[PDB]
K.L.:
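Take this structure first; my questions come after.
Labels below follow one simple rule: chain letters A, B, ... track the order of the sequence lines, proteins then strands, and each chain is numbered from 1. Hydrogens, waters and symmetry mates are skipped; everything else that's a heavy atom, side chains included, is used.
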Amino acid sequence: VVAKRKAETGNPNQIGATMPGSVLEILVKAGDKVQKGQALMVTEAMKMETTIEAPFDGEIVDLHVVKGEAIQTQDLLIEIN
Amino acid sequence: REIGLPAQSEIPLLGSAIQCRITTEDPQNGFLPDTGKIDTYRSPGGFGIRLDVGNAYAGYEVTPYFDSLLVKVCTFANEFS
């Protein structure tokens, strides 16, 4: 049961899961350029839907989850530069 | 006679008071109530301050099942300002 890489505390380049749930859709991939507020992925928490937004302008570095993967609070979803 | 309230015209009117409810509603995320563990909870006091606490203490896990209220805060003073 390999533990998932967590998002680093206070590292605003890393987006971690805010609550347990799962990944519905991934809207972006490694390399893309992105803008503050832009949608990056959608996740479910007790069947409510959340859209993960970019914290600022920058370039996606990598994804760390796959479609329909389960996630716990603090799990690292995506890194940005 | 027994509870000790005076007649209507003698019911005191002392200054003014304000109540705010502090909740986990996130005003930058459409007032969606946040959930998760409370790391730190320091409550103020002093003259003119009344607190009626809900569920908020260091270590408490705010769940998605109930309302988002952490604490009710009232202030009171001779003058509204």
Side-chain angles (χ1 to χ4, degrees), chain A residues 3-23 34-58 64 70-81, chain B:
Chain A
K4 300 276 282 163
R5 189 167 172 187
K6 303 213 220 281
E8 290 185 330
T9 312
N11 182 355
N13 298 142
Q14 285 177 12
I15 303 162
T18 51
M19 45 204 181
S22 84
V23 182
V34 148
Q35 272 245 325
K36 180 159 175 193
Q38 183 177 154
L40 276 78
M41 58 181 249
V42 194
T43 71
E44 70 83 7
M46 298 228 135
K47 91 172 148 147
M48 206 210 36
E49 277 191 343
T50 306
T51 310
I52 305 296
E53 290 182 353
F56 42 69
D57 295 354
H64 294 272
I71 61 190
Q72 284 184 253
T73 190
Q74 293 180 345
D75 280 12
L76 172 64
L77 309 173
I78 323 169
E79 181 162 30
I80 189 142
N81 176 22
Chain B
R1 195 152 209 80
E2 286 162 306
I3 296 175
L5 307 172
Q8 187 64 256
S9 64
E10 255 74 57
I11 291 280
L13 178 52
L14 317 171
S16 59
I18 306 168
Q19 170 182 269
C20 292
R21 274 169 277 167
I22 292 166
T23 68
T24 67
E25 293 168 318
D26 191 341
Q28 271 163 319
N29 190 27
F31 290 86
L32 295 162
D34 196 11
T35 59
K37 173 146 148 285
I38 290 159
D39 307 320
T40 308
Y41 177 79
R42 304 290 164 87
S43 70
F47 179 45
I49 310 303
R50 176 190 172 162
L51 300 176
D52 294 59
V53 81
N55 287 135
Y57 58 86
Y60 178 74
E61 286 249 23
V62 179
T63 73
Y65 306 120
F66 312 107
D67 72 345
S68 48
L69 177 81
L70 295 163
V71 58
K72 301 193 314 191
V73 188
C74 296
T75 56
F76 58 102
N78 288 325
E79 297 302 333
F80 189 60
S81 62

K.L.:
Assess whether side chain to side chain contact (heavy atoms under 4.5 Å, CB included) is satisfied between B:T23 and B:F31, documenting all intermediate values.
P.N.:
CA-CA 10 Å; B:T23 68; B:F31 290 86; over 6 Å; no

K.L.:
With B:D26, which residues qualify under salt bridge (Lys or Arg N to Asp or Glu O under 4.0 Å), at least two apart?
P.N.:
none

K.L.:
With a 4.5 Å heavy-atom cut-off, do B:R21 and B:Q19 have their side chains touching?
P.N.:
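SC-SC contact between B:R21 and B:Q19 confirmed.
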
K.L.:
With no hydrogens and no angle check, is any side-chain donor or acceptor of A:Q14 less than 3.5 Å from a backbone partner on A:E8?
P.N.:
yes

K.L.:
Over all heavy atoms of both residues, which pair between B:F76 and B:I49 is shortest? Give the atoms and the distance, please.
P.N.:
CE2-N, 3.6 Å

K.L.:
To the nearest 0.5 Å, tell me how far B:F47 CZ sits from B:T75 OG1.
P.N.:
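Here the interatomic distance stands at 11.5 Å.
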
K.L.:
With sequence neighbours excluded, give me every side-chain hydrogen bond (donor to acceptor under 3.5 Å, both in side chains) pair touching residues 50-70 of chain B.
P.N.:
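Every pair satisfying side-chain hydrogen bond (donor to acceptor under 3.5 Å, both in side chains) with a residue in residues 50-70 of chain B: B:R50-B:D52.
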
K.L.:
Might you point out which heavy atoms bring B:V53 and B:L70 nearest each other, and give the distance in Å?
P.N.:
CG2-O, 3.5 Å

K.L.:
For B:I22 versus B:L69, what's the shortest heavy-atom pair and its separation?
P.N.:
O-CD1, 3.6 Å

K.L.:
Can you tell me how far CG of A:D75 sits from NZ of A:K6, rounded to the nearest 0.5 angstrom?
P.N.:
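One gets 6.5 Å once the value is rounded to the nearest 0.5 Å.
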
K.L.:
Less than 4.5 Å apart, any side-chain heavy atom of A:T43 and any of A:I52?
P.N.:
yes

K.L.:
Of the non-hydrogen atoms in A:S22 and A:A70, which two are nearest, and what is the gap between them?
P.N.:
CB-CA, 4.2 Å

K.L.:
Has B:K72 got more than 12 heavy atoms of other residues, nucleotides or ligands less than 6.0 Å from its NZ?
P.N.:
no

K.L.:
Between A:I78 and A:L40, what is the shortest heavy-atom contact and its length?
P.N.:
CD1-CD2, 3.4 Å

K.L.:
So, for B:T35 and A:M19, which heavy atoms are closest and what is the spacing to 0.1 Å?
P.N.:
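Nearest heavy atoms, B:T35 then A:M19: OG1-SD, 4.0 Å.
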
K.L.:
Which distance, rounded to the nearest 0.5 Å, do you find between the OG1 of A:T50 and the CD of A:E44?
P.N.:
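Spacing of OG1 (A:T50) from CD (A:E44) equals 9.5 Å.
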
K.L.:
Does any non-hydrogen side-chain atom of A:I15 lie less than 4.5 Å from one of A:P55?
P.N.:
yes

K.L.:
Are any side-chain N or O atoms of A:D57 and backbone N or O atoms of A:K36, one a donor and one an acceptor, separated by less than 3.5 Å?
P.N.:
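Yes; judged by distance alone, with no hydrogens or angles, the pair exists.
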
